Amino acid sequence: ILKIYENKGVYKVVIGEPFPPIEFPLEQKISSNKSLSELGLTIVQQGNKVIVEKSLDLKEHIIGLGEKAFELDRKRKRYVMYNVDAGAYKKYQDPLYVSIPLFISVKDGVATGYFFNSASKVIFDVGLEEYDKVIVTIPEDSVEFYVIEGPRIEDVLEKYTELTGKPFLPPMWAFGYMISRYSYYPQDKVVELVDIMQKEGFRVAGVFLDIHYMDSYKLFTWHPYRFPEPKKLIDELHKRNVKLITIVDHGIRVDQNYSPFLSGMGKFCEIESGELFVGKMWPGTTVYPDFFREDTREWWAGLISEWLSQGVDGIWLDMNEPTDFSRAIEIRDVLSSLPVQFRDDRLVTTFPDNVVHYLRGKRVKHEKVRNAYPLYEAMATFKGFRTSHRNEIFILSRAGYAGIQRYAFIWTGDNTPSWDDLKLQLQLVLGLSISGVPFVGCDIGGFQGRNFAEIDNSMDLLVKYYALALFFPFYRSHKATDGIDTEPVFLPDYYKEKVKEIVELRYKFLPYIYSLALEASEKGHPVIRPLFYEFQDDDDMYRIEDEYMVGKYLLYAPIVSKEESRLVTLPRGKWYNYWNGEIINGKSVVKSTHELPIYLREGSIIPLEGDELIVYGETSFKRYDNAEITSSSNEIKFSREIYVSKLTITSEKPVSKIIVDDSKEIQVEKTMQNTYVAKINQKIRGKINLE
Amino acid sequence: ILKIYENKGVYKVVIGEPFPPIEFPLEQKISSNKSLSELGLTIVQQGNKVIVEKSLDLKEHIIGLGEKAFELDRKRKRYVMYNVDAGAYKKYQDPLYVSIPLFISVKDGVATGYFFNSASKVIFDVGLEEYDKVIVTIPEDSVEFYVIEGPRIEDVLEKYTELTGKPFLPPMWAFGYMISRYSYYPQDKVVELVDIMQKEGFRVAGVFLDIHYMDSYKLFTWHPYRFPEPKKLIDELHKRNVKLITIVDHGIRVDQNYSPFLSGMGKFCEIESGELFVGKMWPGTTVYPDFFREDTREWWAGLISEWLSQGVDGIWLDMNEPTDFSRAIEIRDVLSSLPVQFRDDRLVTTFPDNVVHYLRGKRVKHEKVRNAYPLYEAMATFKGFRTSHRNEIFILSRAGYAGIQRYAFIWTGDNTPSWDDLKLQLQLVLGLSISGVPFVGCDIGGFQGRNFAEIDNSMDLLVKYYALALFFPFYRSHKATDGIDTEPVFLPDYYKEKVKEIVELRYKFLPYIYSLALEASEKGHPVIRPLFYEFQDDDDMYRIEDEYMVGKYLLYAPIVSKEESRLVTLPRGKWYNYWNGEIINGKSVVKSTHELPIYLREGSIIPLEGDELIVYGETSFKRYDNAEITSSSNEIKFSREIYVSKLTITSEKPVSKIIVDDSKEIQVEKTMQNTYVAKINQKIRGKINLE
Amino acid sequence: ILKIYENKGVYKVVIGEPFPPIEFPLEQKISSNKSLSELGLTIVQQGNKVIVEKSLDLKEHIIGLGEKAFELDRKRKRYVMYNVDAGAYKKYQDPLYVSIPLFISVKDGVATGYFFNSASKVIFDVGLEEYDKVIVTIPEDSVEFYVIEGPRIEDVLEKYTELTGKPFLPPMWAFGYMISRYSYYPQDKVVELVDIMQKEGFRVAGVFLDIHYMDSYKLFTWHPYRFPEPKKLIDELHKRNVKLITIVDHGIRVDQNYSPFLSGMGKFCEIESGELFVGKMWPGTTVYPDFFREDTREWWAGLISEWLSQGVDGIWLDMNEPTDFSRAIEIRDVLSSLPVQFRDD
């Protein structure tokens, strides 16, 4: 059986009788006229497997697949989609924590998307098995996938987001500077550190509490000695306008007197033979919630809601691949004596094969729906915020699947501090971003501490991390237990000042970043983007990976080496050097002039902290507070009255004066080449004219 | 800290501040005038260990230690007391399922007992480390042991039994012929087999239902297909006057919808770190009841009581060493693939070292109290019978500790059919018997089926098993799943008739056996006894192991070889050949005359089936129904009026007539040498005279 | 039984009845009016172990611990003090060759020292187990440690040095440019190299001779073919004003005709059961001097003295962790043929 449904440039191809890990609504199920051959696809059904083939041309680009430790153009590699605890991952390691079975093809400048809605171990052989083919193997007898027409990459993502879910809109503080560690404690130390940070000028949005805050790693408990007074801790942080985010794993301790274990009974994962799936995790012997069940989701939402009611501001979901250590520990117990070195097979940390779940009333094998586990956990956790009537929602997840963007931010896990990691992190967050997950980031400074030689803890590298993630949506510093203290307040003045200036610059651009976040939640456009996203028709762009676009207007080329300057590749069009005012013509390579290489595209409007505003060329932009700004000839229109402090206009033609609402004239000042400034400091009814 | 108490030939030596696995009430608490020196003991306290030394003379005998696969005189061996699933045990394998830390020394004809009340891994080095010493090592810093004065071995056992508990008095049917298998099913087959057995003349007292009757090995459940109508089965069997005994393991399946798991929550064993101890047993992933706790014992008694209420007549406790297979399975998973062979270390089936229990409110390590686990399980099960107001109690246990005789019968586990096993089983049951556990037996025909070459399933060997256990308290035929069918009804007429006659002979002696059972429950005297028990002053007796005494009057020398006759060693005194009537002088060796070599001691009274009575010499005997019979010069007195059918008097001097109550007279018919019979068939108010 | 003594800013804390690896004489003792709580310490005695705790503030610095492949400020790491042959060590590898159980705390600009006089496998958990604590675990039931007041770091070191011993004053040439290799030989090549070095303007203070100079790695012997005339070599070096330093390991070859083995008999290390501890080192099967004994030390001093009398200027003690390879070799013999990779423990 083969059915093809069409609507809005999205074709739903159904092979056999699929049982999706999650059902995505289609607001118009119209049988399509186009056939597989007109779609350029070949399909084969074999021993409980479905193979989908597509040709691959020499100049064709393949992007997506989410979190991959590889170049953005995915050709010449066989990818595996299977959520796994990657440990201290290195480049070219696969698979990782997140699985987004979506890839976009750009041929002759036209983009087309392919989304396979299966959470099983899907294989994407991109021109490896057959140099001229993309072969997708789904380890199931049935499957549903979608062909998403473009022609722009942005067009594919809008439709994809429409299909799987728009990103939730988080609070502005979720994009602030977060400090974290594994872990901060006891409670008095948490407050002491926050005080020193603030006293030295660092604006801290929130602090993350890792597993040391729990009582014997038991979820929803406070360590009796380190955190005897949770209320005191909470009020002190809130008193300092600092949010508190607490980590929450997925393992429930098999403890006779542990409430969650007793109340969750009946809603835990089982194994083929009917018993509970008992494994090993932080709290020791543990069982896991079967988040695929509606009731398990309701139970979890309740615990979360109750947990949030103490004043906790956010939830950090970890180890939710889902991960289990019983197999690893079993091996370590039997061969512990032997003086031999074990191989590091990460797949050993996934759930065993005999584990089963109940999806929509049906009993299914874990291997068929594994990757959607974190999605359902996030869903239940999001539901927990609703149950608490909490409008400001903040959820961080390590693992994910298509649709995860509806409920959480995703960070790249346990990275290793090193110069090469700077480039790796950029590929990771951009891969995730181009795959439908907009709110992403990495651990600034790297997670790994000092448990192995290949770790670089130099301070100038640390500064480069802060600078690298300058525009990442999620900006958090996190470090392992045995790692050196990486909080800015512990750095020599020389380095401390640099971090301080970088963080201040981030807050200065927060308004723009947040506006892009609103755009993401409304249209599904990613916040940070690889250059080929805005210039998909230029093949060169698919090889540029140490540069990224922030929204549609800002190009950032972070310095990812020890050099003092770097070569910057500029796409077609004109670009304005943010720091010295120079305007360069696109499709060229130039040398960076500042430590933070920022360029504005001709046709930009950028809202800055303190009601500042930068305008260059003609375009239209919607600020996060709903205020729309439009620039044309020599006029800047406002959808509604708004305050404007400092206005910066970049222009090749001189600007002698501006006129507010036809009457008042404000003094213009040339601050540098092509740069004109006007100190307005007043509300504007609806427009400004340039002369 | 050394303290010695005393009360009527029982010295209680306390080293340090002991925390016994179970507390044994000592009548008084009188202090002793004796010192260790006077008691012939040396004591040392070291690294959490207590070493107790005693000298050992060349002619000194050491007996006891319970279930040991060794000669009855224990010298020249280092014994370990640690309950363990022995698997397919062979001779000289140690340790086994039961641990009774009691040994009796017989020096210069005088017996003295030594009981160390510790359920930890106690070591009894009997003249091995030091040829002239008995060294006992208790792996604890404190300990309480008792020195029990004799001078007769029977004296020691009475005091010992007084201390640890008198054996319960079971119903007479508990000593009948029991058929069992692993397993009988479905329910219709159980009834069909019982019918054939009865139709062919075999009087079956009860049938045992092994684990196949359960639903997925879940305790207290019936297999929906094999036993869909258990109530019907129980009536079908009860209608035929056949008892039903069901096996009950100690593992509770970790199942979300399994009632016992949910109701037992809070009462299961834990590990050092606080989580539940999750292991592996028949039902798969399992937890175990912490029987050391008072509340757990109540909970268990409730389930048992409820289980007994359907009409189940007896409980068979198995795998209660306690045994666990998680370690073994862990090894098999990690090294399964290797073409390498594994060593059979039985200790791998015991509970792990991190398991803890709550004894009398105190948290203790499993290794300190392990051996008492089965004792507390039996205790709770016995309590379950009381809760059901069930007066006829029947409990079979595989493992045990001192005091187990208060609650259950013990059978020797998984023996292997073979000619050598005949001698082994005799040492096992006699060792248990001389150690305070009177109601014992072995699997007639051997448990092991055909899973390995060294198994002998010949029919004449099977017949020898039936004959060997002729007088054992517990008489049950049990066989493994893949073993040939061993029920008598499946044997060729030649062999079937032999088994039939042996079973009929057992029922003929049941009255005597049961009277000895009453004596056991009242005075703690064992039913079957090694020869040295009645003749402890003759060194020769400690080397005789293929002969045993049934009570004080009957000597049985079973044929444990293929021969047609054997050499029989007779102790001091005169002995009457039960089959040919010949009388022989003790302290001699004679050849057997019948297939079942039975001899009556001068001074015997033996009640037989159908009110028959055998009298030889002068003695006093208490029948199970309380009627006391006494024989003197030429008179047989009765404590109360009782019916008497056939009376047999063995005498070297002729007996022409007997006189009932100084009135009526009955003629005597000499049936064979020294044998005179009188068909009385009438009640006797109080006496019979011989002339 | 925990007591505290005092003397010129040095608090000696005694837990139980310690048997120090070496005794450091503390002159005018006298019991202290100070308490542990005042001293800011917590002490626990358990299963043959002593745990000493101190709080650790956010701005507090911890330095010391000797030879550690880590940042100078030691916070956030659990250190092990156990001399070990580190092999081709990399950064963040622990432990290494040297064990100095001393750490200095600098809080509010004030320094205080803590010296635990135990040569056992001492653990220094510096804000790792507990973020706000420094936990020191000594695998012994008794122990003596010292709290050394500053307030300057230099003050702490002066007192510490006063306690454990002042550094000896070596000759000025010991700080000159030394050339070495594993190894330089035969003897003519040693002189040739020194000549070229001097001719090209390099002022060489001394040359080190590694194990290739010995006869089959036997201590206090000269290789019969590589070094047939050691006297001539020493004279040539001295004529050129170059010192000669020779390496000396700690392994004595179990050789029936090897003098040091025969003369050292009675002074070697043993094992619990009473036999000699026979191991493996450069010369093959070897025994080791029990330097903890006075007679062994005297015997060794004699061999050294005799060795120095030929004109050797310095001694280079190597592999003295002490190191032994019998366990490693045992593993390599049993799993030699197995096509697997051994972990480097």
Side-chain angles (χ1 to χ4, degrees), chain A residues 215-218 221 251-259 261-290 293 295-296 299 326-338 340 342 348 352-356 358, chain B residues 215-218 221 251-259 261-290 293 295-296 299 326-338 340 342 348 352-356 358:
Chain A
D215 171 24
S216 298
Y217 307 112
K218 285 185 285 196
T221 69
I252 298 295
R253 184 156 128 130
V254 178
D255 189 314
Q256 255 170 170
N257 300 128
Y258 178 52
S259 182
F261 177 58
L262 305 176
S263 75
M265 197 57 75
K267 298 169 287 298
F268 302 126
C269 297
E270 306 176 330
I271 54 173
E272 264 297 322
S273 47
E275 315 93 289
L276 288 184
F277 164 45
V278 180
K280 289 278 183 289
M281 239 293 275
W282 302 152
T285 303
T286 66
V287 285
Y288 306 85
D290 181 1
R293 299 166 55 173
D295 56 303
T296 290
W299 165 77
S326 58
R327 248 107 57 69
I329 285 174
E330 186 168 54
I331 292 170
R332 178 258 276 166
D333 291 337
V334 177
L335 309 176
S336 53
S337 54
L338 196 57
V340 174
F342 308 123
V348 73
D353 283 296
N354 62 331
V355 171
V356 301
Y358 287 87
Chain B
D215 170 24
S216 298
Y217 307 111
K218 285 185 285 195
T221 69
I252 298 295
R253 183 157 129 130
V254 178
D255 188 316
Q256 253 168 171
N257 299 131
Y258 179 51
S259 182
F261 176 58
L262 305 175
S263 75
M265 198 55 75
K267 297 167 289 296
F268 302 125
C269 297
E270 304 175 333
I271 54 174
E272 265 297 322
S273 46
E275 314 93 288
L276 289 183
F277 164 45
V278 179
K280 289 278 182 289
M281 238 294 274
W282 302 152
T285 303
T286 65
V287 285
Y288 306 85
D290 181 2
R293 298 166 56 174
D295 52 57
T296 292
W299 167 77
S326 58
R327 249 106 58 68
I329 284 175
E330 186 168 54
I331 292 170
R332 178 259 276 166
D333 290 338
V334 177
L335 310 175
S336 54
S337 46
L338 281 293
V340 166
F342 303 123
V348 73
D353 284 296
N354 62 331
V355 171
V356 300
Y358 288 87

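Values below: all heavy atoms of this structure, side chains included; hydrogens, waters and symmetry mates excluded. We name chains A, B, ... by the order of the sequence lines, and we start the count at 1 in each one.
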Legend entry - CD on B:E270 to CG on A:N257, rounded to 0.5 Å: 6.5 Å
Legend entry - Which atom of B:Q256 lies closest to which atom of A:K267, heavy atoms considered: OE1-N, 3.1 Å
Inset, instruction - Examine whether an atom of B:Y258 lies under 4.5 Å from a heavy atom of chain A, and if so say whether it belongs to the side chain, the backbone or both; otherwise answer neither. - result: neither
Legend entry - Leading residue by heavy atom contact count with chain B [cutoff under 4.5 Å; candidates A:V287, A:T286, A:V254]: A:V254
Inset, instruction - For B:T285, enumerate each residue passing the side-chain hydrogen bond (donor to acceptor under 3.5 Å, both in side chains) test, keeping only those at least two apart in sequence or located in another chain. - result: B:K280
All N/O donor-acceptor pairs, side-chain side in residues 329-338 of chain B, below 3.5 Å, sequence neighbours left out:
none

Legend entry - For A:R327, all residues meeting salt bridge (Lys or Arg N to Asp or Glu O under 4.0 Å), sequence neighbours excluded: none
Inset, instruction - Can you check whether anything in residues 271-278 of chain A gets within less than 4.5 Å of chain B, heavy-atom wise, and list it by number? - result: A:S273, A:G274, A:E275, A:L276, A:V278
